[PDB]
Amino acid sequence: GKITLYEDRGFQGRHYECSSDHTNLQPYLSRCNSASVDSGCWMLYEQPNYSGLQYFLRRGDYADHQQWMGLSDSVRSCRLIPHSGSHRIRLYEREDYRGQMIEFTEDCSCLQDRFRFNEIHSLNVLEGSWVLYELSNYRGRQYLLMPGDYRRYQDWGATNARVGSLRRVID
């Protein structure tokens, strides 16, 4: 994977190229107003140490930070999302994998059409990397998920349990 991040809009100003996970882009970038994903799928983070608001970027060119649904020009860490050939995830009604539960091996643009809960309070990612979305049709806050346990919604970086859609990360 290869991504180039630019301080100014329209792919101008000081830029920085990444091909691996960076937990602190601040020494190389005081702001990010455009990005070019040559290869791979990337998650940009508003704050260092993979924290703050998250934004999923696939291959392509983004002339403004709004083009990746960003609400500011703050990009202080990034992750090259691991590719995976199979995807399976379990969402749970309550914390610690309790309550009603539903499994997905495909994308779902409308979770509420299949689950009858506006909130997910725990989940287990068995295979593949996913992007979790606060709202349906892949809108609202985005939360990168990777194989592993998520016993409470704070574990995927969320301040509320709202989930509306989820998408597999494929190259």
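Numbers follow the displayed sequence, beginning with 1.
The mean Cα B-factor in the deposited entry runs higher for 82 to 90 than for the other of 82 to 90 and 68 to 76.
For the pair 50 to 58 and 98 to 106, the record assigns the higher mean C-alpha temperature factor to 98 to 106. Highest C-alpha temperature factor among 63, 145, 29, 120 per the entry: 29. The entry lists a Cα temperature factor for residue 24 that places it in the middle third of the chain's modelled residues. Sort the modelled residues of the chain by CA B factor and residue 150 lands in the middle third. Ranked against the other modelled residues of its chain, the C-alpha B-factor of residue 137 as given in the entry falls in the lowest third.
In the PDB entry, a CA B factor belonging to the middle third of its chain's modelled residues is recorded for residue 125. Among all modelled residues in this chain, the alpha-carbon of residue 36 has a temperature factor (C-alpha) in the highest third.
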